[PDB]
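Working notes for the structure below.
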DNA sequence: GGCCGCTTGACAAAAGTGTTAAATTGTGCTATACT
DNA sequence: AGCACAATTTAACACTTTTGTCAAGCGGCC
Ligand SMILES: [Mg+2]
Ligand SMILES: [Zn+2]
Ligand SMILES: [Zn+2]
């Protein structure tokens, strides 16, 4: 179990990464901005669906009761988001947030 | 004569001869006793990142008893550095204090070049939660830069790679960070899905522009490898790289005169000798000549002398080779040098005549016969007039020129430089240290802070402990600010101080942030 | 010189049993 | 300590180790910079060897 | 050195009080509102690179020149430090 | 709110359960068969036991949680400790313990009555009898007396260390008495020392709570840290940490004791099983006395327990204060080249892309380049080699934005500075030559920490003060620095060394004879006089002060004027004789600044040469320039300063140093004197010893003669030819360095101490006899081990200097102090009773811009009191000193001011740098260290005297002196050659041994009594029999002698401001209302207890004397101190009592995180400066 | 009349409760040898 | 050097059920 700390012995660290935290809010702000071209009946849908509002990973079932309409079309907006949003990525560099 | 064999740098020759060498990478045998092939070290490997080679020197048959040189040697003769024509003189200031001047001539012929190797090692841990394995389909890393020079995992041998590339892309099921809230969107938006292995690879270190010589897979299942328990697949690759010669580095011959390459002016300029051969290296005094006096110039005078006369004199310590010994040698060298000129179709130059008017009164050369002799004695203890390829007129004054010895120390510049930003980090220590991509580092000596505060610098001083380093929760403020907008940095929030208060809190000691009001007793540490 | 001696002097000062 | 990384920078470097010789190590003649009184212990000596 | 730096010391009673004014101004000279500079005519500090003539992104230099036009003011004045936002408010 | 003061001291055991609350117990297992992290005991995440399914209740809101198994939205995944503090409890409840109690008899012995055995009971090995029932043997008692068996002889009773906790209230109720009945012990001498220490320790408990909770009953370590995960890389694996294992020997021991005690456990078994628990306490605190290695019984590395690591020596206190870790900088090699002389720098063109990446990204966002900031982070990583457009936008960012270049190691204020990054090519970082003289290092691959300030409030705070074109011209010490360093001097020296080539001495009838005839042969343009002038009549350079001398520089360019100063008549402003060479110099500095009018009356002509005077030209120019123009000079002397030497060249040939043709026979006479002293032995004359030193002196003199002959041979003939002198005179050469080469220097001394017999046959040109080098090496050994030994002790002494003077800052405005100091204009010489001119070099830098204590009348105008006597007034007083009007120039030194927390306003005459009075904010406390922060490397530690007086340590032989001024009294005998001193009163007996026993007479105040030739008796006796009169001055005079021996530029009050710190502490005698008769109150602070109370009580004192290291252990604060070699007693005394840290202190702010009380953050510079005219006009009505 | 949108039904995939199988402690205690 | 018994305890895995998602059908609107 190592000689504890022979001869501040060994550095190594990667938990409260500074850049990760700076880019954490950044990647978040980028989304807050990347969601400006979205509609409530789509953005919020993704918010509650992909657990974003806070942490609740509610599904289409819980997102359909409060959103008047039911499943499908609220699901056809989910896909609409994957496309209408993706169509705004191939022309706008932003695929550099995965490696984080 | 023994430093080449005793050090076993090179090889040897047993009994008779008759080599019939095939050369290449495996010296043949000798008709002495049996048939034994002498395999070269094949560039081998160094412990200082140098890698020595051993080129042969024979064919058909020969014996006496050298046989193939070694690292830095030539015909059983120890050759560490490299000797080149130099000239003592100041030039615009590209040799102040004790710096050194270099020409482009050396680079054109790659005169000064070396080799540096470095061994890598990527072990595939087995944290049980998720074993690691080397694959060529790293998640999210789906690109050409991979499949092109990676494949099957390890990089192909003989593939030139630069810094910021993959070498041993190992996959680990180690799931430390589950999917993030708003991150699940950018993951579904695109055509890709999620992940469960992460990139996690080797990634070339901050400096490596060469090629691979060969790899080596050392995984378990082999009882012939004493490895760390629980470890599997210990990739080990060797990356090479040519050194060439940029700017800087230490020359320092064999006397003490050490310096650094300032600027390498391409041919054009530099003192042009009255027959071509532009001064390759300029060694201006200052530093050790007058102060820590030495005897290196005694090589220059006998350098060009051995150049023209075509010889490499041997000067044993405390024996032979004295001032008068240079006289006899200089005589032959002169008549041979001026000989060509005088017979080439000319003799004595105007610009080479005014220089004598200097020594004349200067008491250097004795007045008497034509410039012929004045240029002779000026060669015995000095050199020819010499000119300047940049300006246009010759350097008014007797300048010395000759071949001495210009070595090169291990300490260079490339692997002796560093640069970073907020990228570095060393959790628990609360300071920039470590990194799987950049091993940056920088210390602020104690004798440095006092000087910084000596000035009116109070915000710059504090800054060194405000955002950067200390305040981890503050490191973002600045870097996050500038990137977004102007704004002035935070008031400062020390990180180590919180650790100091804690470490010092291990005991009764209660580091209270007593406010100026006294009775309130301020305290900043409640997770804000 | 260890503190074990202090106890070694207190443990080897009282007789055992007949 | 003594078992320093064989400086294989060059032939002359590896040979200077077997003759390098020192006074620092398991003995009490170590301690760099200071060490009671070693000022007149590292100075020259009447040994042309 | 700085174009007319010595002239900056003469005014301020201290070399340290000068620096503060230099930045204190730069804080509300480029970041607050780039349109708060007294030097607007032909005295407007500008750069001349390969492209053309533009205003240097650095405002610390403007202060040294801005605190030489005879204008501005320094020292203990206006206790309300929250009033600076009011004056800056009118400047959008 | 805002951070301010700080509190500490002990904390009752109940308070320990406050910060920690609970969450502890269980073994210290760091893992399990599975799940390496959790262990539900050691570093268990507070309320985290696999699936506690709770704890999240305490949290109000913020986010969800409770995920049953695995883990919820707790800290384990995020916010785990967050590097914050997290106390445990360690439970504990055994007998007792001990918080180390330091090693200065604290928390015990002082508050009690037992020493050298107080541990015998505190370690459970005795019995602190604390009961009264009438004994038998020898009456009862109340302390330790029952050493085993005794306590059982009667069979209260306490044999364990638990009694320490019992003496809590027992000493609390008696505390009031321990401060009364204890102090009741008046003088009587001897014991009056303990009552002082006992009262100081009990004075703490006398107020502000603080109970004797020293008897720990439950420790509380830390868990968040120590826990390093797997670390592969290179060729290794595995990992861990300390603080855990070394801690396991505490909890487990406490538990096992709870298992033994609960069951059947006889006394003996518990007494030893308990003492190990407290041993574990000290083990977790500091490993000493015995130690605790690993892998027992095998010896290996000592376990790290705070000692030397964390809260102790260099480990977490020396590295966090200053030597932290900058998160914005880099390193590289060094280079030199005509950049622009200041205002610019080198800095790579590749790495700079990272240092200035932030703002550079935002710039591209609007410059079309990058679409967003994020994308700008993925275009420069894979080394795609951009080199396109980006290099341009980078310029806008690097426009007027300076960078801080540092040098390692650091020395004095001239160790940082700042320039403007001018990306060149390659990677090598180059700088201006001159700047090197400030770092002291030869270009040979050295590096320079390139720091970079972010905040804009740091940029202006830098380039305005740290710019090399400001804080480098006139440094501290005393003399300038920006002056043209080496090389440059030789570039102007090679044209002013006379052209006299010896032509003879002819004559012409006004230039009509030897003008054309001599032009053919003999007599050129040297001597020869005609009418009045000489050969000057040849090329009359006309022109005028219109556009420089045309005919002059014009003729030189062609094949006419040989230049290099060949004597020529110009027109400039008058018919002179100056050659076109010097004309160039005056022309370079002319167009540089403005009109030769200034340089004309400044630059000399009688003795040009451009020798070691270039430091006086630029220096004198400052008075009529002021940076803006001054900088231009160092720039003009640059271009030409190197070009002139370039388009000329001067090599050092082996013959360049022509051997003295008139030297050979000199050694003959010297050797012909050998037999002279040799044959004296065969005749039996002159002892073998007398012969020894007899021959030594012989060669010691001839060497100077030979050197003179050489220096002479190199003066007359062979002028510019010999370069060995061109640098020796004034450029970059040493005089004694010449006598080595062409000389013969061989007067080397044996390794131990005895100049060899026959010298060395130097004459390098001729190889030594193989013996000469081996003989000369013996001396060439100390010349390297001494300089390198300047990091052993001397290097660890400068810290003491920076620690002392720390809170010294120039503030306020006009304090008003009567008493003044009178600097001596003439000093005495021990050799002969006669004052000297002090060589002037001491008076100058000693009065350079000061504060005339009073009006100074001396031929002509008077030097008004409080007048800043610049360099001019200095020379005026020195030259007028020879007259006989002034002997002691009145002045005000930092030693006279009732302010220990702050320096003084206008008292520290001139800020020795900007050639003007000091500015409010100049932390002279640190500058004082910058002064002494240089000679260190230039010393001789191999003996050490400068530190001797500092710590006030009694010097060698003590140098006994006359404590009183009596009379002659000089009696001699056999071995009692002692001398006494008395007068109509008492006579003291000075057992003067056998040495410097001079006569002298008529009493003597202190002097030396005769034996004390140098290093008078430790200041302790001085101040003891004199006072703060000679103490504060004796240092400024003696201490400098060690500096004057090497000719130091520093002096003035730089060393006179650090003395006030060692002499600002006073003692107590019959105080007023204030407790502690002994005490150790400071100066000013004590004056306050006698200032406000004066309007009522007498509070007399005595000027105490403390060393340099003692002025740290006991200070007004605590954050300082420690460091040195006592980071154990400090925190002790510092604790216990209130000892509230001050507020005004550089460190206090840097450490805590506050802003600097000095610099631009001073209390004198925190007002407003924003008012764009209309702003003030608007608010005028808006109010 | 056709197209689009919304709602419901069916299918597929992943949890709470149950069920059982594998490990630690104590103690027992064993056990053997020496006094 | 250690095995067992018991006892009891700890750990995990699998089931049947439930929940979520997708496709199809129906209704309404254009
Ligand atoms: Mg160096
Ligand atoms: Zn839970
Ligand atoms: Zn004062």
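Every residue number used here counts from 1 along the chain in the order it is shown.
Every residue, even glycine, has its Cβ placed from backbone N, Cα and C.
According to Swiss-Prot, the feature Zn(2+) 1 binding site maps to F:56, F:58, F:71, F:74, an assignment based on sequence analysis. Taken from Swiss-Prot, the feature Mg(2+) binding site applies to F:442, F:444, F:446, supported by sequence analysis. Under the heading Zn(2+) 2 binding site, Swiss-Prot lists F:815, F:897, F:904, F:907, citing sequence analysis as support.
Shown on the structure are the features that Swiss-Prot records.
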residue	record	contacts (Cβ under 8 Å, 6+ apart)
F:56	Zn(2+) 1 binding site	F:65, F:66, F:72, F:73, F:74
F:58	Zn(2+) 1 binding site	none
F:71	Zn(2+) 1 binding site	F:48, F:77
F:442	Mg(2+) binding site	none
F:444	Mg(2+) binding site	none
F:446	Mg(2+) binding site	F:333, F:334, F:407
F:815	Zn(2+) 2 binding site	F:897, F:898, F:899, F:904, F:905, F:907
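Considering only the binding-site residues F:74, F:897, F:904, F:907, the Cβ with the fewest other Cβ atoms within 10 Å is that of F:74. Here the binding-site residues are F:56, F:58, F:74, F:897, F:904, F:907, and none sits under 8 angstroms from chain B, going by CB atoms. Among the binding-site residues F:58, F:71, F:897, the ones whose Cβ sits under 6 Å from an atom of ligand 3 are, in sequence order, F:897. Among the binding-site residues F:444, F:446, F:815, F:897, none has a Cβ sitting under 8 Å from a Cβ of chain A. In sequence order, F:812, F:817, F:892, F:894, F:896, F:898, F:899, F:903, F:905, F:906, F:908 are the residues of the same chain, not among F:815, F:897, F:904, F:907, whose CB sits within 8 A of the CB centroid for the Zn(2+) 2 site. For the recorded site, residue F:56 (Zn(2+) 1 binding site), the DSSP three-state label reads coil. Contact annotation for binding-site residues (F:56, F:58, F:71, F:444, F:446, F:897) versus ligand 1: F:444, F:446, each with CB under 6 Å from a ligand atom.
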